[PDB]
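Student: Shown below is the structure under consideration.
So basically every Cβ, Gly included, is an ideal-geometry build from the backbone, and we count neighbours across all protein chains shown. The values are calculated or read from the model by the stated rules, or taken from the named source; these are not laboratory values.
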Amino acid sequence: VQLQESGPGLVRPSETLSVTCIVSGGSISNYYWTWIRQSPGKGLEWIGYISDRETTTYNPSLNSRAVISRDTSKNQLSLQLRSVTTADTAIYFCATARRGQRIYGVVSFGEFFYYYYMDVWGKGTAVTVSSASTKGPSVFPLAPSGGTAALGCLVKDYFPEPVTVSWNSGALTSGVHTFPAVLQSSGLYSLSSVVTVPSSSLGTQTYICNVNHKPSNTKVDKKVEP
Amino acid sequence: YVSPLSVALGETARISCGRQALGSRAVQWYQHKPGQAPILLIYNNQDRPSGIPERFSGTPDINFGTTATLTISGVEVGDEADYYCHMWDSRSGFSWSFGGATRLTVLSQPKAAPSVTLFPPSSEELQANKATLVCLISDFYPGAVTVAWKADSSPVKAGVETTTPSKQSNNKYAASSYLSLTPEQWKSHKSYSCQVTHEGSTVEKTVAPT
Ligand SMILES: *[C@@H]1O[C@H](CO)[C@@H](O[C@@H]2O[C@H](CO)[C@@H](O[C@@H]3O[C@H](CO[C@H]4O[C@H](CO[C@H]5O[C@H](CO)[C@@H](O)[C@H](O)[C@@H]5O)[C@@H](O)[C@H](O[C@H]5O[C@H](CO)[C@@H](O)[C@H](O)[C@@H]5O)[C@@H]4O)[C@@H](O)[C@H](O)[C@@H]3O)[C@H](O)[C@H]2NC(C)=O)[C@H](O)[C@H]1NC(C)=O
Ligand SMILES: *[C@@H]1O[C@H](CO)[C@@H](O[C@@H]2O[C@H](CO)[C@@H](O)[C@H](O)[C@H]2NC(C)=O)[C@H](O)[C@H]1NC(C)=O
């Protein structure tokens, strides 16, 4: 199946984080669902899971600050983490859990246990915890070597990630390279997305870069001209 | 939370699970690449989901003395990731933690020459009373790099923000460097140059106001 995550991107401390998991390719009532996160500098931390009877079970390390719910009308999983702190900044994945029975003796004697393994995952959503506010990014063009040339868009001064950069929707795929973001001393991020375009294609073909920053709710389309 | 595993290219890698089973065990091996979705490699000590290559294999719980070991035969550059050993048994109960992850680092990868692109500040940026030069390095191995800036003969020490070479799209490294200046400073000197030192090799790109 297919799983997609949605989040606020930024939550102030002492508030309530909330993420949503949209599922597709299968029913939501006949599967065990689970939430897992990964903080920067930390490994994967299993948050909790929910059964098909809507009876949830959470990690005792979260101090019962997590609540998982299921909505069959929109086929969505929901996770709410109250009283967030700087440590709760993490990428949140939702997955489908399968329960296997492991028997080493008599079933009547309780000589067996249940284990859970997740087979289908989601790409995850990045949610940061900070007291600052979201800032809209400024996008600048980088106008254009072996019959080709480099044409890029420069996204600067945004907070925080995620931020998506596309080139003419799905029309431009070859040469599209989005370099990792830099963390400046001011706490602001910046990245560059370049494309290797043939020199003859310049002047006749248009190349517009679409930049979307979800935490600040900004969407800008910039056309680069040599 | 990471244990290094520098293995040779084209050989067998045996990842021993950090947790020792107390009895009848149920071992899951997860593969997690940075910025991607974790993949379930092995969901029972000898079970393999559909689509997973046969190069991955776990040690079945035949006898008790068998240590949980993830075997990866014929490792490739695309196998570099974190490997989690989710352990279950009768005497430990519900194991909520994924355990320590083993990060695989495939060695003996051929050297790649760095591709450097230098972009001068933009006009819409110069009219915004700022000017940042962008130095993009891509497609090089390994991640050892030294980025320097030179305003003509004079070097530049302050105002340089360089990223970590985390980018591994085609399993090759890539990084970015930003030199922040004012428009007066940009138009002051004759030309600015980004000097990248990869494996000691020096490649230099140069731009100038025009
Ligand atoms: C006094 O009597 C006691 C009870 O009769 C007896 O207790 C027995 O003790 C033995 C060892 O001492 C235990 O053996 C162990 O059994 C486990 C469990 O195996 C069973 O379950 C697995 C899992 O099945 C799941 O997955 C399959 C798909 O793979 C599904 O079809 C299935 O529905 C489940 O979802 C299963 O694989 C096993 O099947 C194997 O064996 C059968 C044998 O009929 C084959 O037909 C089959 O093809 C397969 O090869 C089995 O159903 C096992 O994993 C261990 O390896 C170990 O063998 C018994 O569990 C335990 N209890 C019972 C009820 O037997 C005492 O030992 C006895 N004492 C004396 C002195 O006589
Ligand atoms: C039962 O207990 C014995 C007690 O040691 C175990 O025997 C050891 O097994 C390990 C397995 O790696 C060997 O390295 C040791 O040399 C063994 N020691 C002796 C004294 O035999 C045994 O493995 C346990 N399990 C079973 C099924 O017998």
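Student: Identify, please: which residue in segment B:152-163 is surrounded by 15 or more Cβ atoms within 10 Å (Cβ to Cβ) and assigned to a strand (DSSP E or B) and is, among those, nearest to the other protein chains (Cβ to nearest Cβ)?
Tutor: B:161
Student: For segment B:160-171, name all the residues that are touching a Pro at 6+ places or on another chain (Cβ under 9 Å) and more than 15 Å from residue B:35 (Cα to Cα).
Tutor: First, pick out the residues of segment B:160-171 that are touching a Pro at 6+ places or on another chain (Cβ under 9 Å): B:163-168.
Once the filter is applied, which keeps residues that are touching a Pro at 6+ places or on another chain (Cβ under 9 Å) and more than 15 Å from residue B:35 (Cα to Cα), segment B:160-171 yields only B:163.
Student: Within segment A:61-69, can one find any residue that is surrounded by 11 or more Cβ atoms within 10 Å (Cβ to Cβ), outside any strand (DSSP E or B), in contact with a helix residue (DSSP H, G or I) (Cβ under 9 Å, 6 or more places away or on another chain) and away from chain B (no Cβ under 11 Å)?
Tutor: Yes, that holds for at least one residue.
Student: Still on this structure: Within segment B:175-200, work out how many residues are closer than 12 Å to residue B:137 by Cβ and surrounded by fewer than 14 Cβ atoms within 10 Å (Cβ to Cβ). Spell out how you get there, then give the answer.
Tutor: In the first step, residues of segment B:175-200 are kept if they are closer than 12 Å to residue B:137 by Cβ; the result is B:175-177, B:194-198.
Restricting the remaining residues to those that are surrounded by fewer than 14 Cβ atoms within 10 Å (Cβ to Cβ) gives none.
Going through segment B:175-200 one residue at a time, the tally reaches 0.
Student: Mind counting the residues in segment A:16-35 that are within 20 Å of the chain's Cα centre (by Cα) and not hydrophobic (A, V, I, L, M, F, W, C)?
Tutor: 6
Student: Any idea which of (1) of a type outside the set (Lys, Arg); (2) assigned to a loop (DSSP other than H, G, I, E, B); (3) at the interface with another protein chain (Cβ under 8 Å from one of its Cβ atoms); (4) buried (at least 16 other Cβ atoms within 10 Å of the Cβ) is the one residue B:166 doesn't satisfy?
Tutor: Condition (4) is where residue B:166 drops out.
Student: Is at least one residue of segment A:177-193 of a type in the set (A, V, I, L, M) and more than 11 Å from chain B (Cβ to nearest Cβ)?
Tutor: no
Student: Out of B:40, B:22, which single residue is within 16 Å of ligand 2 (Cβ to nearest atom), touching a strand residue (DSSP E or B) at 6+ places or on another chain (Cβ under 9 Å), within 12 Å of another protein chain (Cβ to nearest Cβ) and closer than 29 Å to residue A:104 by Cβ?
Tutor: Values: B:40 fails: within 16 Å of ligand 2 (Cβ to nearest atom).
Of B:40, B:22, the one residue that is within 16 Å of ligand 2 (Cβ to nearest atom), touching a strand residue (DSSP E or B) at 6+ places or on another chain (Cβ under 9 Å), within 12 Å of another protein chain (Cβ to nearest Cβ) and closer than 29 Å to residue A:104 by Cβ is B:22.
Student: So, one more: Being more than 8 Å from chain A (Cβ to nearest Cβ), under 30 Å from residue B:170 (Cβ atoms) and in a strand (DSSP E or B) is the filter here; which residues of segment B:77-118 pass it?
Tutor: Answer for segment B:77-118, where residues must be more than 8 Å from chain A (Cβ to nearest Cβ), under 30 Å from residue B:170 (Cβ atoms) and in a strand (DSSP E or B): B:83, B:85, B:102, B:103, B:104, B:105, B:106, B:112, B:115, B:116, B:118.
Student: Are there any pairs with C-beta distances below 7 angstrom linking a residue in segment A:97-126 that is under 15 Å from residue A:3 (Cα atoms) and away from ligand 2 (no atom under 16 Å from the Cβ) to a residue that is among the hydroxyl-bearing types (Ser, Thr, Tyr) and assigned to a loop (DSSP other than H, G, I, E, B), with the two at least 6 apart or on different chains, and if so which?
Tutor: A:119/B:43
Student: Could you give every pair whose Cβ atoms fall below 6 Å, whose first residue belongs to segment A:159-177 and is within 12 Å of residue A:209 (Cβ to Cβ), and whose second residue is in a loop (DSSP other than H, G, I, E, B), counting only separations of at least 6 or pairs across chains?
Tutor: From segment A:159-177, the pairs are A:167/A:176.
Student: In segment A:107-131, how many residues are on the phi < 0 side of the Ramachandran plot and part of a loop (DSSP other than H, G, I, E, B)?
Tutor: 9
Student: Right, something else. Could you list, in sequence order, the residues of segment B:66-76 that are in a strand (DSSP E or B) and either within 16 Å of ligand 2 (Cβ to nearest atom) or in the same structural domain as residue B:172 (by TED's automatic domain parsing) (or both)?
Tutor: Listed by number, the list holds a single entry, B:69.
Student: Only residues that are among the charged types (D, E, K, R), within 16 Å of ligand 1 (Cβ to nearest atom) and assigned to a loop (DSSP other than H, G, I, E, B): list them for segment B:15-65, please.
Tutor: Of everything in segment B:15-65, those that are among the charged types (D, E, K, R), within 16 Å of ligand 1 (Cβ to nearest atom) and assigned to a loop (DSSP other than H, G, I, E, B) turn out to be B:25, B:48, B:61.
Student: Take residue B:90 and decide whether it is within 16 Å of ligand 2 (Cβ to nearest atom), in the same structural domain as residue B:21 (by TED's automatic domain parsing) and small (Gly, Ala, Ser).
Tutor: Considered against the rule, which asks whether it is within 16 Å of ligand 2 (Cβ to nearest atom), in the same structural domain as residue B:21 (by TED's automatic domain parsing) and small (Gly, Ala, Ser), residue B:90 comes out as yes.
Student: Take the residues in segment B:169-194 that are assigned to a strand (DSSP E or B) and within 23 Å of the chain's Cα centre (by Cα); name whichever of them is farthest from the other protein chains (Cβ to nearest Cβ).
Tutor: B:173
Student: If you don't mind, another one. Considering only segment B:137-151, I want to know if a residue exists there that is closer than 28 Å to residue A:196 by Cα, at the interface with chain A (Cβ under 9 Å from one of its Cβ atoms), over 26 Å from the mean Cα position of the chain (by Cα) and away from ligand 2 (no atom under 16 Å from the Cβ).
Tutor: Scanning segment B:137-151 turns up no residue that is closer than 28 Å to residue A:196 by Cα, at the interface with chain A (Cβ under 9 Å from one of its Cβ atoms), over 26 Å from the mean Cα position of the chain (by Cα) and away from ligand 2 (no atom under 16 Å from the Cβ).
Student: Just to be sure before I move on: is residue B:89 surrounded by 16 or more Cβ atoms within 10 Å (Cβ to Cβ) and in contact with a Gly (Cβ under 8 Å, 6 or more places away or on another chain) in the structure I sent?
Tutor: Yes.
Student: The conditions are (1) within 16 Å of ligand 1 (Cβ to nearest atom); (2) within 9 Å of chain B (Cβ to nearest Cβ); (3) within 29 Å of residue B:100 (Cβ to Cβ), and residue A:105 fails exactly one of them. Which is it?
Tutor: Every condition holds for residue A:105 apart from (3).
Student: Okay, moving on. Output the qualifying pairs, or none if there are none: Cβ atoms under 8 angstrom, residues six or more apart or on different chains, first residue in segment B:51-64 and closer than 17 Å to residue B:85 by Cα, second residue within 13 Å of ligand 2 (Cβ to nearest atom) and assigned to a loop (DSSP other than H, G, I, E, B).
Tutor: B:59/B:66; B:59/B:67; B:60/B:66; B:61/B:21; B:61/B:24
Student: Restricting to strands (runs of 3 or more DSSP E) lying wholly in segment A:1-54: which have 1 or more residues that are among the polar types (S, T, N, Q) and in contact with a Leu (Cβ under 8 Å, 6 or more places away or on another chain)? Even if it seems obvious, please write down each step before you answer.
Tutor: Details: elements: A:2-6, A:16-24, A:32-38, A:44-50.
Filter on segment A:1-54 gives A:16-24, A:32-38.
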